[PDB]
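Written out below as structure tokens is the structure these notes cover.
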Amino acid sequence: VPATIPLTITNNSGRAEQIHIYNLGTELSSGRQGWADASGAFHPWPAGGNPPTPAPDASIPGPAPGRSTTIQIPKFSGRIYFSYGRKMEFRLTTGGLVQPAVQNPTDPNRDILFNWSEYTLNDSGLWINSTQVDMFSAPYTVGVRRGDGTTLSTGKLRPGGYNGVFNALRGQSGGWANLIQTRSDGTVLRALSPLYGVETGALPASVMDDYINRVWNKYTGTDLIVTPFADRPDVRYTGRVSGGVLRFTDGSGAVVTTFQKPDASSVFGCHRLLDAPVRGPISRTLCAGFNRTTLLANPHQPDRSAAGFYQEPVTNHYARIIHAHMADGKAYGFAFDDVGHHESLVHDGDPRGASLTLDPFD
Ligand SMILES: OC[C@H]1O[C@H](O[C@@H]2[C@@H](O)[C@H](O[C@@H]3[C@@H](O)[C@H](O[C@@H]4[C@@H](O)[C@@H](O)O[C@H](CO)[C@H]4O)O[C@H](CO)[C@H]3O)O[C@H](CO)[C@H]2O)[C@H](O)[C@@H](O)[C@@H]1O
């Protein structure tokens, strides 16, 4: 893999605003945090602070509407941000870059229309994704040009898919409507993911309690079988609830990890009581099972297909809605949407190019 590969950025947004691009991350060779310019040259961040201090302006001019621009991506792991009209405000902590946190009303970027893609380019190739784990906002498609010349892309919404997602969220009772951040003139900016919905109080900690209690009941009397390694189908852990705790035993008979009854933040964020540091792979499987609400219906996890996902009346509706509106049915609606390979990521071992397309607000 060469030192850099070209990233073609195409503006199909139909919007008149100028685009600012940021390529922010960590340089492979040095492990330093910083930014890369259009040439692919790396610029380490200056020293940050506690409290965090302002980052220098790392923007690259993005493509005008109907045109594309190319930047070189070095071996680097990070994000390509793009913002419409306004420049983003980044700050630097002791340990480096602070990521935006627009669930906070006071975040400097709360009112800015922006999104990002996540990528890693290294000696083993390119991984590049479309993600909705934090929010659903300005739409985009990512792609790779593979060694053999073939292309792969993902992240593209169906026609009407952008407004379709908001309209579906607004009509979902229980607090999902309060995920939507709407401008003064009624223009939608973004919808927060449900993890941040729990944080902001849009959704209660208890929103999944009834389903979770049904799962814990079911697996008090019968086994939950988790086979968490896709390439090792014979490796199984057996889960059973006793004393209110879901305990997993390995083939040797040892209890290897245990789960307390999870809450909404744990499920939606794939963290806390569902932390995924042998526990990690098991937790990952359970996380996807709770978000897709398949644990009750299918005691042999993970699911072998998507047919039974999101059928419960209370489920991760944000993830359900986004998947339903994606052209290829794939999305990153929650952190472990990669379970069963349903995530909007593409990769190649010998890339030579990538793409980011700013999509229309349709
Ligand atoms: O509860 C949250 C849980 O997940 C968190 O965030 C995930 C985050 O890991 C993520 O990162 C993507 C990577 O999965 C992907 O990694 C590639 C691997 O698949 C591997 O095989 O090789 C290559 C090269 O080493 C890796 O790059 O790389 C992509 C780059 O496109 C990453 O974006 O994306 C999802 C969705 O945004 C996040 O939700 C968090 O990291 C964990 O701490 C948490 O436990």
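Positions are given from 1, in the same order as the sequence printed here.
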Give every donor-acceptor pair under 3.5 Å between a side-chain atom in residues 59-73 and any protein atom, sequence neighbours left out.
{"from": "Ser59", "atom 1": "OG", "to": "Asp57", "atom 2": "OD1", "distance (Å)": "2.7"}
{"from": "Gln72", "atom 1": "NE2", "to": "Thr4", "atom 2": "OG1", "distance (Å)": "2.8"}

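- A perpendicular orientation is assigned to the rings of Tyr22 and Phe90, their planes being inclined by more than 60° (bins at 30° and 60°).
- With hydrophobic clusters built from ILVMFWY side chains whose heavy atoms lie under 4.5 angstrom apart, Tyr318 does not share a cluster with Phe336.
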Under the side-chain contact (heavy atoms from CB on, under 4.5 Å) rule, what do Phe114 and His20 come out as? Steps first, then yes or no, please.
CA-CA 9 Å; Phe114 74 92; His20 303 285; over 6 Å; no
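- A single hydrophobic cluster is not seen to contain both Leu195 and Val339; linkage of ILVMFWY side chains at heavy-atom distances under 4.5 Å, directly or through other members, places them apart.
- A side-chain donor from one of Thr150 and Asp148 sits under 3.5 Å from a side-chain acceptor of the other.
- In summary, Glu343 and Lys330 do not engage in a salt bridge, as defined by a charged side-chain N under 4.0 Å from a carboxylate O.
- For the residue pair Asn50/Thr94, the side-chain donor-acceptor check at 3.5 Å is not satisfied.
- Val255 forms part of no hydrophobic cluster, judged by ILVMFWY side-chain heavy-atom separations under 4.5 Å.
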Test side-chain hydrogen bond (donor to acceptor under 3.5 Å, both in side chains) applied to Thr106 and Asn104, step by step:
CA-CA 5 Å; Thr106 64; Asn104 295 317; 5.9 Å; no
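- Residues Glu27 and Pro44 have side chains not in contact (no heavy-atom distance under 4.5 Å, counting atoms from C-beta outward).
- By the 6.0 Å and 45° rule, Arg279 does not stack over the aromatic ring of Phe248.
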Given side-chain hydrogen bond (donor to acceptor under 3.5 Å, both in side chains), test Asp263 with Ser266 step by step and report yes or no.
CA-CA 5 Å; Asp263 64 351; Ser266 291; 2.7 Å; yes
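- With no hydrogens or angles considered, no side-chain donor-acceptor pair links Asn122 and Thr120 at under 3.5 Å.
- A donor-acceptor pair shorter than 3.5 Å cannot be found between the side chains of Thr10 and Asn12.
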Could you go through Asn129 and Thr131, starting from their C-alpha distance and side-chain angles, then the distance that decides it, and tell me whether this counts as side-chain hydrogen bond (donor to acceptor under 3.5 Å, both in side chains)?
CA-CA 6 Å; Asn129 91 358; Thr131 183; 4.6 Å; no
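- A 6.0 Å sphere centred on CG of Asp210 holds no more than 12 heavy atoms belonging to other residues, nucleotides or ligands.
- Between the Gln181 side chain and the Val102 main chain, a donor and an acceptor come within less than 3.5 Å of each other.
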Hey, can you pull the donor-acceptor pairs under 3.5 Å for the side chains in residues 132-139, sequence neighbours left out?
{"from": "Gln132", "atom 1": "OE1", "to": "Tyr332", "atom 2": "N", "distance (Å)": "2.8"}
{"from": "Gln132", "atom 1": "NE2", "to": "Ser130", "atom 2": "OG", "distance (Å)": "2.9"}
{"from": "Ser137", "atom 1": "OG", "to": "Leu189", "atom 2": "O", "distance (Å)": "2.8"}

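- Each of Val215, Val226, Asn291, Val267 was scored for a side chain to side chain contact (heavy atoms under 4.5 Å, CB included) with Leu286, with one residue passing: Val226.
- Side chain to side chain, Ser344 and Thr154 fail the donor-acceptor criterion of an N or O pair below 3.5 Å.
- In this structure, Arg15 forms a cation-pi arrangement with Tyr84, its terminal cationic atom sitting closer than 6.0 Å to the ring centre and no more than 45° off the ring axis.
- By the criterion of side-chain heavy atoms lying less than 4.5 angstrom apart, applied directly or through intervening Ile, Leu, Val, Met, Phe, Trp or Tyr residues, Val198 is not grouped with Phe334; the two fall into different hydrophobic clusters.
- Under the 4.5 Å side-chain heavy-atom criterion for grouping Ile, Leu, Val, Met, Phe, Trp and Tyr, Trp127 is not connected to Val144 through any hydrophobic cluster.
- Relative ring orientation between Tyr81 and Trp116 is described as tilted, the plane-to-plane angle lying within the 30° to 60° band.
- In the hydrophobic cluster analysis, where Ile, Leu, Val, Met, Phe, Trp and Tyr join through side-chain heavy atoms closer than 4.5 angstrom, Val245 is grouped apart from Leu224.
- If you look at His323 and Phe309, their ring centroids are not closer than 6.0 Å.
- A salt bridge does not link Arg352 with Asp348: none of the charged nitrogens is closer than 4.0 Å to a carboxylate oxygen.
- Within 6.0 Å of the CZ atom in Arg158, the count of heavy atoms belonging to other residues, nucleotides or ligands does not exceed 12.
- Using the six-membered ring where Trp is involved, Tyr162 and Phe166 have ring planes that are perpendicular, over 60° apart on the 30 and 60° scheme.
- Shown here is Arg91, whose CZ atom has more than 12 heavy atoms of other residues, nucleotides or ligands within 6.0 Å.
- A 4.5 Å side-chain heavy-atom check between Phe82 and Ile21 finds at least one atom pair inside the cut-off.
- Classification of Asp123 and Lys75 as a salt-bridged pair holds, one side-chain N sitting under 4.0 Å from a carboxylate O.
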